[PDB]
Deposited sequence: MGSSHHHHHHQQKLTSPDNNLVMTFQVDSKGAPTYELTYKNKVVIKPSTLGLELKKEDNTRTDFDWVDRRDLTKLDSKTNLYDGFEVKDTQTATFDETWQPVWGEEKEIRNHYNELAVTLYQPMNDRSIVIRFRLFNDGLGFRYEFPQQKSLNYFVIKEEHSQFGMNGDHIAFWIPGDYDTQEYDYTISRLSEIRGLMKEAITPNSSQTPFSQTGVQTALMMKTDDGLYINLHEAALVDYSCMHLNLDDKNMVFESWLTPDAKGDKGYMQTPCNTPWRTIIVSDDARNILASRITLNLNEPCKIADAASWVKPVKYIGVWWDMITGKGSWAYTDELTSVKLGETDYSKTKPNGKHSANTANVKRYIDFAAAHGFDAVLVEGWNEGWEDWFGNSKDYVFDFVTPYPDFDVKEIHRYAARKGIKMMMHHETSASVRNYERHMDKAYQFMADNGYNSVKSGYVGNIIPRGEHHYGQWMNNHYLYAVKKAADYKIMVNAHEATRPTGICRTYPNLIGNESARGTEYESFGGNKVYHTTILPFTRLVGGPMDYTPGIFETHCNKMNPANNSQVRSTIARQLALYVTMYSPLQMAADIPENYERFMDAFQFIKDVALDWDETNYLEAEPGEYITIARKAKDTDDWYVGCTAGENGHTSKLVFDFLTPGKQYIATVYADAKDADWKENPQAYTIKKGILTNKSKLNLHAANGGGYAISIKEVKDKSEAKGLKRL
């Protein structure tokens, strides 16, 4: 039996093979069982004994090591991250197939990562995975914060329930989406967050998802065991491998303090170091607005014309079509956004609907759907470039692919060259619809390769990428820091489609944000969508002060202010917080955190002595007793508090807020109350 312990001696992992040679591990934290005895292994597709990569193993060799080094991300929640673990690598020989694998375990003070490694050898070269069988056996019927396991979307509201209740709730939890493939009545996605009856918080996830299919979890709800369930390709297979190769890491992050789940950097720590040598010279955080919410609410259109039943690029002559009078991506309107962005200190303006093809973009399984380079007649690329550059603004490129992936790859070098030629150095991509090639899913090994290919190629052009609908992140930004965002979860757009649950932003930082930032597009001040489009009666489940808080509580180096300029102009005093808030941080302090209920975070803006605080709360609101002892002794600060007014409420009174300005020091304390679906934001600037 092998035993591995954390540097602080609080976690212990024990490993051994059972009497049939099945690799088995368990994990305790402060003498409490976190992972009951659980097996590890894979089943291979038949080309018989060779399909078995799950038992019949003997421990052939073991190697231990300790690692303790600090490194600096290009952008992040703090300036420096420490990577400190004890490691055990176990070489497992399978006599019946004359082949070996290695399982490598890295144990941190805040949890465990493991992966399988497949050395090059005479009897293991090319192989296909039928299923991975990594188990995570739970010690109780925990509370879980989960979304349905699905090969194609993550755009679901979270459910909070016991593990035993998942099966009963799955049908209701799967809401409609134009591309979705659930796989089990007890399947959930990663990162999965849980709260135990004996006071632990446990997060199950993976890190460094490269050259492999995305992992979901399937629950055996009799034994309370989660098991890896990979995403199949068009033929049902779960990964083409060639040695030497490795699986991604699988992680169990655990603490008796929920704040320490947010603090963990295990996911980043398990990714390969930055491979973009000059990254710091060109990768930069971006605060932006955009021509966007018009189309999301239905006020405006992405399409230039309504008169055609379909379009064929390079045949359809848009100069001969009638403008529909709703096309928001027109030069004059874009210039007005550039004006507002420059006036208020934003870095960029996104424009969607700029290019030919939007008439057919949705649900047609169309191959040649966009060319990514040809503008509509009312979008003057060169004039918009020149005007933005003169005003100090960068335009952000939009590459919706409509999930037509061969089409995007064929156009990608020309599309990136077009960006370089026209002053665009960041692009928001998207993959709406069922994947083409047809039969593949959004999160299979094939598409994972695509998303990273797009990122690696972008890096060669010094382009930053934010990909909507892509596989959810697993820390690869460490390796490729030009991946500055994904959506890859249910974002603010769904506040226009019926709403997100009130507690949504009190869960995302414990789940989605583990592995990388989200382009959540916060900042809606007019929360009634019917003021944009009288036919849309959706209401954003937030107060205005909570929207402000999200600039601190939804971490990202890429931050949109998503409302339209005229709405911000109606509340310019509150808007000041969005203008002031930083995007990049030297320190972060998690002040309060309870998943599904509240999150309060203070961050120190990079290369400054200034701090920003946000709190976001769920259905029951939250009372904070803040203590400002993280400020510098002897310094005075000008603090501006943006808070819910008394009786603010996301539903009945969302726009009621107060703003109070005064002096804070490290001796200050403030009592603040977040409303139902409310929150607060504080700027704290050194005098």
{"item": "Deposited-sequence segments unaccounted for in the coordinates", "value": "1-10, 58-75, 716-727"}
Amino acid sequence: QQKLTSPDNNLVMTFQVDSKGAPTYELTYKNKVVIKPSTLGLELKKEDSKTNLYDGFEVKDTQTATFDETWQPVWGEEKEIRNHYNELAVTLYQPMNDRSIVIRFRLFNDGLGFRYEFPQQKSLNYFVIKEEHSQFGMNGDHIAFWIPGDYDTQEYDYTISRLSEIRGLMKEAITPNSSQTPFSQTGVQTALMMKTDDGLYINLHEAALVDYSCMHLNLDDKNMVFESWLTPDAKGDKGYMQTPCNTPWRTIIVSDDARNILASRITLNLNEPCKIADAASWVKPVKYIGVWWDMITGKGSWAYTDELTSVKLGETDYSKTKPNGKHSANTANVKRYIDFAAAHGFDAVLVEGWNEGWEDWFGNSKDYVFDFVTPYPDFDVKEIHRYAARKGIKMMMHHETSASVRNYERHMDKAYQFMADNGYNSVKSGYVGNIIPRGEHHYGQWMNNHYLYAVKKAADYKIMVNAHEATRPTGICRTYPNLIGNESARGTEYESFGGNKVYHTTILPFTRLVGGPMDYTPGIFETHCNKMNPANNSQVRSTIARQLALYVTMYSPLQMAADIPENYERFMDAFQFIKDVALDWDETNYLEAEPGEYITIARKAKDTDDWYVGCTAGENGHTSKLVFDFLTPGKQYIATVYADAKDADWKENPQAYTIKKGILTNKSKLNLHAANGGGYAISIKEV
From here on, numbers count along this sequence of modelled residues.
| query | finding |
| --- | --- |
| Mean C-alpha temperature factor, higher of 429-437 and 115-123 | 115-123 |
| Per the entry, higher mean C-alpha B factor between 276-284 and 244-252 | 276-284 |
| Selection from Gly76, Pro95, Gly149, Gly485 [criterion: highest C-alpha temperature factor in the record] | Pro95 |
| Deposited CA B-factor, highest of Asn269, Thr505, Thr231, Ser100 | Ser100 |
| Position of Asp110 among the chain's modelled residues by C-alpha B-factor, lowest, middle or highest third | middle |
| B-factor third for the C-alpha atom of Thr159 within its chain | middle |
| CA B-factor ranking of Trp71, expressed as a third of its chain | middle |
| Chain third (lowest, middle, highest) by recorded CA B-factor, residue given as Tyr520 | lowest |
| Ranked C-alpha temperature factor of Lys456 among modelled chain residues, by third | lowest |
